[PDB]
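Asks: can't give you the sequence, but here's the structure:
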RNA sequence: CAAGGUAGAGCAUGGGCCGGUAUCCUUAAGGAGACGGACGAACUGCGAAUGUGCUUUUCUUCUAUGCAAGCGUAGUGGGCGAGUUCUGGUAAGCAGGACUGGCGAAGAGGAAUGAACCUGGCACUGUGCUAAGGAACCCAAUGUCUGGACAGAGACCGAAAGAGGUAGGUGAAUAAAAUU
């Protein structure tokens, strides 16, 4: 009983936002957007929102770009897709 | 029961208890890494800490390795009550808290007062893990009136470490 | 100073037991092996092809590949404070089937029954775990037949 | 101070009460734990049952009456370990209890032979009449023939300094 | 000459024996181990007395030889040649070593100091432990006080503690006196010089018969 | 569930010391011997404890203020000591290995003093309690009971060998208090 309870707690804490991280950019438009997501996280458990908020804090190199065709390849039949980064053209 | 048994010239000896109580008597700072790991698994960290452990073959072999640091034995109900009432406390995950009705009801859906807690802990074997892992280790004072001999000798040799059997209550009662 | 040949220090190891010299028995050659079995290495000094290096003697590993008269076995080893996998070639005369999985396989046979019923009637298996030996049991004693003990032996 | 206890115990294996015998042992010790220790020691040396296969069913204290503190004569059979070997002997004492007799032996051997109390073993304790006495030491006191005066002075007051003209001792 | 006895007293090193690996070893000084009336039948000399060790150390072949002479001369003068047998039980199998160095040291072509220090054979000793029997006598029962005094003289030739003690055994048999008489009567003993063989109901019957016609009675 | 040949124990192949009854062979010496005692780091017929590896969380117990692939880059590569053990040496505060904690890089209270020993790991304050070690006085806290011991002894301190004095144990005698 207890061993399961413990593991299910660890799995959750591994998803949630840390709240002692902050983006290094001095851009006030970027820092505005982070503030919104931060205030949403402390009022929800939904995994997509937590993932998005963690990714806004990562570096330029961690936010590596994708080409249009690769988005479609990974979209797996969904209608809306979300990406913390820049979308480039595929000439092919 | 004792009357019925004696009235037919027979002796009855009850089953050994499900849990022992352990107290850390002397400093572990120069013990080997194998000893330090064993103390960690029993949740013992500072001098005069006290903790409850399941009586079981694994536990009995762990105790054999650490016997030169710890006093251990069995605890009857009267002393268990004085411990929990005077020095008990608990935790949810990383929050430390006092034992109150709200906190019991939250953690264990059917235990509602501190007296029901003590009753289940003593009489129900199959819930021991959940019931024990809610309590924090007890933080005791050194014994009133001191120790009589060199505490690092075995109890048989006149010190303070080892198996005190039915008589650990006397050590604990001076340390609450 | 010591030397570093392939069979250094193997005077005690790699020698036959008393009254057990000679070639292997038929059972050695008629045993069939399969990928994924656990197997145990014990060198026979009378056979000079397909011998492993003496570090592996008495160790147990898992069969990765099977050939005409030899087997490839996977091992792990610590070198420079890191873990390394090693792939050891051994002839069939130097191996025996390991007993290390025996109890677990019996337990799986019991679990395999319960896990089916757990879908039909319950929802989750009881799963039949082992438990370590508990406290000493209770006893009722008749109290005739008492035996006294005494320091009668003076031990000059 | 020393006390007298009687310990009872049985053998057990993977299952209960594997033998129908019960074993007993009378012992002089300071407490119950030192009593239980002795029971384990004797079982392992006279039989071969180690603790993991034993269970103690009972421990009882044995006590006398002697409301009037009447004085009695006792003889004791003992052995002790030295640097050479084990030494057996017999000695006689006077007192108000078996335990009073036993505490005087333990003190004696520690004084005369430089031995810690755990290296001394009591074999037998017997109460005796005047015709039974063997050795010289106690017979005069047993036959009721002794008086003597006081050799030690005793202080009159707890004060450290007193006037020259006061009485100082007894 | 020789180094003093303190240099080689305790059993510091492992045993080291004359063999293919160790050559150029000198002969031990003791060569003679039995004295007196060697072949006297077991029944004829009942009393047994021993020198016993209360120490663990090495005994030189030079010390063993000096003790032999001491014990023997006394018994021979007092007991008479035909009334006693002495045995020295221990044999000096261990080899001692020396790392020999020059007096005019400080500078030489020879490799000086602790360079290449492993030593050469020097002499031999016997290795001994607690409760061991070092010297043993058998005699007539009249000669107790004589045998005691003979063994006393050995006690001053060896380092450490040793005690003179009297035995329960008959002769150089391993049998207690009480038991020996009980087997002697009832026909169970065969003489083999200084000791006895016991007859048992173990073999073929025609052998049992052939043994029993030879018994001591 | 595997592997191992050390301590102990032994002397059945190989090396190797001393003495043997009957009997046997010759001599009229000696030799062999049905057996006993003594032994090996490179002898083994038997064999521990402690340590090593494999599987199972479908196995107790702990666990997030925790682990952490990958990438970039520092210092270090004269060590020394305690406990347990080993090799060379007459030994050494000597030279050289192995295992578990230290000082290096560790203060505080205690062994009068001391890198490493005993207690025990340090932010900054206040009230209580204990450890190790102490308790006539220097110096915060001391007394009691029972035996020994007379040497400018001991509390701090050396061998083989011994007599004397005194306190006890056990075993032999003798006894017209006892004595040896």
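Replies: Okay, I see it. Numbering: from 1, shown residues only, chains lettered A, B, ... in the order given.
Asks: For the most centrally placed residue in chain D, pull up the helix or strand it's in.
Replies: By CA atoms, centre = their mean, chain D has its centre lying nearest to residue D:102, at 2.4 Å. Using DSSP states H and E, residue D:102 maps to helix D:98-113.
Asks: Residue D:58 versus residue B:2, what's the distance?
Replies: As judged by CB to CB, to the nearest Å, residue B:2 and residue D:58 stand 12 Å apart. All C-beta spots, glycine's among them, are computed from the backbone N, C-alpha and C.
Asks: Same drill for these two, tell me which one is more crowded.
Replies: Ranked by neighbour count (other CB atoms under 10 Å in any protein chain shown), residue B:2 and residue D:58 place residue D:58 first, with 15 against 8.
Asks: dump the residue contacts of the more buried one.
Replies: When contacts are counted by CB atoms under 8 Å, 6 or more residues apart in numbering or on different chains, residue D:58 touches B:11, B:13, D:7-8.
Asks: Geometric centre of chain A: which residue is closest?
Replies: Note: chain A centre (CA atoms, centre = their mean) maps to residue A:52, 2.0 Å.
Asks: Just to be sure, it is in a helix?
Replies: Yes - assigned with DSSP: H, G, I helix; E, B strand; the rest coil, residue A:52 falls within a helix.
Asks: now the helices for chain E?
Replies: E:61-78, E:144-152, E:177-184, E:205-212 (DSSP state H).
Asks: Compare those and report which one is nearest to residue E:116.
Replies: Nearest to residue E:116, of all the helices of chain E, is helix E:61-78, at 27.9 Å by CB to CB.
Asks: For the closest one, list every residue counted as buried.
Replies: For helix E:61-78, the neighbour count (16 or more other CB atoms under 10 Å in any protein chain shown) marks E:61-68, E:70-72, E:74-76 as buried.
Asks: what does stretch B:10-19 give?
Replies: For stretch B:10-19, by 16+ other CB under 10 Å, it's B:11, B:13, B:18-19.
Asks: How far does that stretch stretch from one end to the other?
Replies: One end of stretch B:10-19 to the other measures 28 Å (CA to CA, to the nearest Å).
Asks: can you give me the strands for chain B?
Replies: Using DSSP state E, the strands of chain B run over residues B:11-13, B:19-24, B:49-54, B:70-73, B:90-91, B:96-97, B:138-139, B:162-165.
Asks: Switch the ones you listed over to CSV; also include distance to chain A.
Replies: CSV is the format used below for these (distance: least, CB to the nearest CB, whole Å):
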stretch, distance to chain A
strand B:11-13, 33
strand B:19-24, 16
strand B:49-54, 13
strand B:70-73, 24
strand B:90-91, 13
strand B:96-97, 17
strand B:138-139, 21
strand B:162-165, 29
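Asks: Looking at the ones you listed, which is nearest to chain D?
Replies: Proximity to chain D (CB to the nearest CB) singles out strand B:11-13 among the strands of chain B, at 4.3 Å.
Asks: if we can go back for a sec, looks like the residue nearest to the centre of chain D contacts residue D:76 (just checking).
Replies: Yes - Residue D:102 is within contact range of residue D:76, at 7.1 Å (criterion: CB atoms under 8 Å).
Asks: Need the residues touching each of the two.
Replies: Listed as contacting both residue D:102 and residue D:76 by CB under 8 Å, 6+ apart are D:122, D:125.
Asks: sec struct for the residue nearest to the spatial centre of chain C, please.
Replies: Per CA atoms, centre = their mean, the C-alpha nearest to the average position across chain C is that of residue C:100, at 4.3 Å. When classified by three-state DSSP, residue C:100 comes out as coil.
Asks: Would you enumerate the residues in contact with residue E:41?
Replies: Counting by CB under 8 Å, 6+ apart, residue E:41 touches E:191, E:193.
Asks: gap between it and residue D:54?
Replies: 55 Å.
Asks: measure the residue nearest in space to the middle of chain B to residue A:87 for me?
Replies: With distances taken as CA atoms, centre = their mean, residue B:21 lies nearest the centre of chain B, 2.2 Å away. Noted for residue B:21: a distance of 65 Å to residue A:87, by CB to CB.
Asks: residues near the residue in chain E that chain B sits nearest to, how many?
Replies: Going by CB to the nearest CB, chain B is nearest to residue E:130 of chain E, at 28.2 Å. By the criterion of other CB under 10 Å, residue E:130 has 10 neighbours.
Asks: Contacts only, for it.
Replies: By CB under 8 Å, 6+ apart, the contact set of residue E:130 is E:53-56.
Asks: ditto for residue B:5
Replies: By CB under 8 Å, 6+ apart, the neighbours of residue B:5 are B:11-12, C:140.
Asks: Point out the residues in chain A that sit beside chain B.
Replies: Selection of chain A residues close to chain B by CB under 8 Å from any CB of the partner chain yields A:1-2, A:9.
Asks: which of those lies closest to chain C?
Replies: Among the residues of chain A next to chain B, residue A:1 lies closest to chain C (CB to the nearest CB), at 11.2 Å.
Asks: wait, isn't the closest one in contact with residue B:131?
Replies: No - with contact defined as CB under 8 Å, residue A:1 does not count as touching residue B:131 (11.9 Å).
Asks: Between those two, which has more neighbouring residues?
Replies: Taking neighbours as other CB under 10 Å, residue A:1 and residue B:131 compare with residue B:131 leading, 18 against 8.
Asks: Surely that one and residue B:119 touch.
Replies: No - between residue B:131 and residue B:119 there is no contact under CB under 8 Å: 10.5 Å.
Asks: hmm, back to that, want to throw the buried residues of helix E:61-78 into JSON lines with distance to RNA strand F?
Replies: Listed next are the buried residues of helix E:61-78 as JSON lines, based on distance: CB to the nearest atom of the strand, whole Å:
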{"residue": "E:61", "distance to RNA strand F": "11"}
{"residue": "E:62", "distance to RNA strand F": "16"}
{"residue": "E:63", "distance to RNA strand F": "12"}
{"residue": "E:64", "distance to RNA strand F": "11"}
{"residue": "E:65", "distance to RNA strand F": "13"}
{"residue": "E:66", "distance to RNA strand F": "14"}
{"residue": "E:67", "distance to RNA strand F": "14"}
{"residue": "E:68", "distance to RNA strand F": "11"}
{"residue": "E:70", "distance to RNA strand F": "15"}
{"residue": "E:71", "distance to RNA strand F": "15"}
{"residue": "E:72", "distance to RNA strand F": "14"}
{"residue": "E:74", "distance to RNA strand F": "16"}
{"residue": "E:75", "distance to RNA strand F": "16"}
{"residue": "E:76", "distance to RNA strand F": "17"}
